[PDB]
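One chain is shown next in structure tokens, namely the form deposited in one PDB entry.
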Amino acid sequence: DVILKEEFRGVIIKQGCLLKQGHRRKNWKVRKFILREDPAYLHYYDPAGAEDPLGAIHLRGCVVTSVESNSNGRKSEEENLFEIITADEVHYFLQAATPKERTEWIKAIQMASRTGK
């Protein structure tokens, strides 16, 4: 009892809608990202119909990097891109509303990823 998913056993670090690279129909989607520490787990929710956590990003062992805007060939959609390289070797391409906020999220995930105990 008084025990739920380890993902949520850590308190919210930072929440805000971000652009998730997801070439299903669009290129970048607008979903709510809520962060949580302790095991380090980032969570994304759909504004249009999924406040249920579609999945958790495994920050434990993840590295973040400031993308030099590798938006080649297309229009510069990927500007304020920051990548999250999980320990699972998955590169998660995220973007913010501003260059400022993505930096804040770089810091967010990196500080949250420190809780890998």
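One-based numbering along the sequence shown.
Just so it is clear, the following notes concern the form deposited with a small molecule bound, a form of the same protein that is not shown.
The candidate spot formed by 34, 43 and 58 is out of contact with the small molecule in the deposited bound form: none of the three has a heavy atom within 4.5 Å.
Only one listed stretch (22-30, 59-67, 35-43, 79-87) carries heavy atoms within 4.5 Å of the small molecule in the deposited bound form, and that stretch is 22-30. Contact check for residue 54: a non-hydrogen atom falls within 4.5 Å of the small molecule in the deposited bound form.
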